[PDB]
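Below you will find one chain, with nothing else, as structure tokens; this is the form deposited in one PDB entry, and questions on how it binds or moves follow later.
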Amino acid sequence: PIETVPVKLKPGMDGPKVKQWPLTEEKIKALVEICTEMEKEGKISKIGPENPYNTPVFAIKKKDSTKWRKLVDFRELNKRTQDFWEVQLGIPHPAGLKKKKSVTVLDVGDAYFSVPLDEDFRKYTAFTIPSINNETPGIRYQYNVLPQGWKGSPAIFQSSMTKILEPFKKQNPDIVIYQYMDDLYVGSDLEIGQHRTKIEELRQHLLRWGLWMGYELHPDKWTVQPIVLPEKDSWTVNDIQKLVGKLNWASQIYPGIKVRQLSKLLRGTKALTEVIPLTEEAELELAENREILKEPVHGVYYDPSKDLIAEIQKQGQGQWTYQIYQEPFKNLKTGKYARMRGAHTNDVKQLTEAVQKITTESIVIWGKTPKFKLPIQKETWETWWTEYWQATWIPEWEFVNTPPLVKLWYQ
């Protein structure tokens, strides 16, 4: 008996129509059990084929959880609601969250089930549950409450959320709380033990309003990956050719790069393995270059209107490099990931872990998720990615195939 906030799609945009993909027997069993209870509790109810909208559903296990979590791929719906959760009921981003020594993330998604959902909107939350070997047709549902993973859920519940938060916030003014979809980011500068304790306090505070979370981030530890030039006692013609190509590409980012004196070293028509002594002019040109690469790019600043883009490169030996930007060659961050889960045995698990970590950093730093340019074949990613996914949100991605002429990002 709570008022239902009306919702509408962006003008001229119909609802999502996205086929359900095949599910493993364990996931189908988990979903059937989860949906049976949710139907009993009135969160969802069965629907007919007259509803023409569908969204994909599957189940995940969060890190170390061992307990299945229902997950709906609302990316298509969220794109058609976009104006709602940005233009109107959205949330501001605490620029100070990235600065806190410790940040814990809590899944408050369950809270959203309390509030009900606009009756006119429920037609768009439809999802079909598949059956093994197509024994049965698809069992369709729709949401009667605020669904997890929809972008209207945290916005509609923001009024309710702040009141629940407000006693805690006054008690600790310094602590910073940010809400992104199903997640609550809690950033303190306290020592480890005090921090964990304050999270329990905010846990109880959530409990008496009608959920345990153990995912800890330390955004101050986070560093970047500078473009680096090799140090060599002696240089072959091949080494200088590689260096000139890397520096020339880098000059699209740092305009102060100069290759003239290094080019002079390769004037002839020379065998690649011939050793070339460096001249003083090249040593100094190389020195000045290494200094420039330590510096920042001029006039790189985040723009709230523009979308974030993430690019990833597979460097081999369990190493991955990524760049986050909005404009080409204006990079807001660049990083490297090594020795992740599945290192040296599974590229897809590692790429999946990389996408998650990068999305998390973007949420903390800018309160957005980037669109990923993934170095993988579309069919390889779609076959396996859900198997390794442990997050409650899902970024946008596209697939790219760039052979690497030069290793600019890695060494």
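Residue numbers here begin at 1 and follow the sequence given. Here, rigid core means the biggest group of C-alpha atoms that superpose within 1.5 Å across both forms.
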| query | finding |
| --- | --- |
| Coordinates absent for residue 320 in a third or more of other entries | no |
| Residue 211 dropped from a third or more of the other entries of this protein | yes |
| Extent of unmodelled deposited sequence, residue 211 relative to residue 210 | 10 or more |
| Stretch exceeding the other in mean C-alpha B-factor - 364-372, 42-50 | 42-50 |
| 270-278 set against 312-320, stretch whose average Cα temperature factor tops the other in the entry | 270-278 |
| 222, 301, 249, 235, ranked by C-alpha B-factor: the highest one | 222 |
| Candidate set 96, 137, 226, 92 [ranked by C-alpha B-factor, highest] | 92 |
| Chain-relative CA temperature factor third for residue 197 | highest |
| Assigned third (lowest, middle, highest) for the C-alpha B factor of residue 327 | middle |
| CA B-factor placement of residue 76, once the chain's modelled residues are sorted into thirds | lowest |
| Residue 206 by Cα B-factor - lowest, middle or highest third of the modelled chain | highest |
| Third of chain Cα B-factors occupied by residue 167 | highest |
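One more form of this protein exists, namely the form deposited in another entry; it is left out here, but the text below deals with it.
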{"property": "Sole residue of 314, 93, 123, 270 shifting 2 angstroms or more in CA between the shown form and the other one, core aligned", "result": "270"}
{"property": "Rigid-core frame, C-alpha of residue 62, shift of 2 angstroms or more between the shown form and the other one", "result": "yes"}
{"property": "Did residue 38 shift 2 Å or more between the shown form and the other one, C-alpha, core superposed", "result": "no"}
{"property": "Did residue 28 shift 2 Å or more between the shown form and the other one, C-alpha, core superposed", "result": "no"}
{"property": "Cα separation of residue 395 and residue 341 in that other deposited form versus here, shift of 3 Å or more", "result": "farther"}
{"property": "Shift in CA distance, residue 107 and residue 64, in that other deposited form relative to the form shown here, given it is 3 Å or more", "result": "closer"}
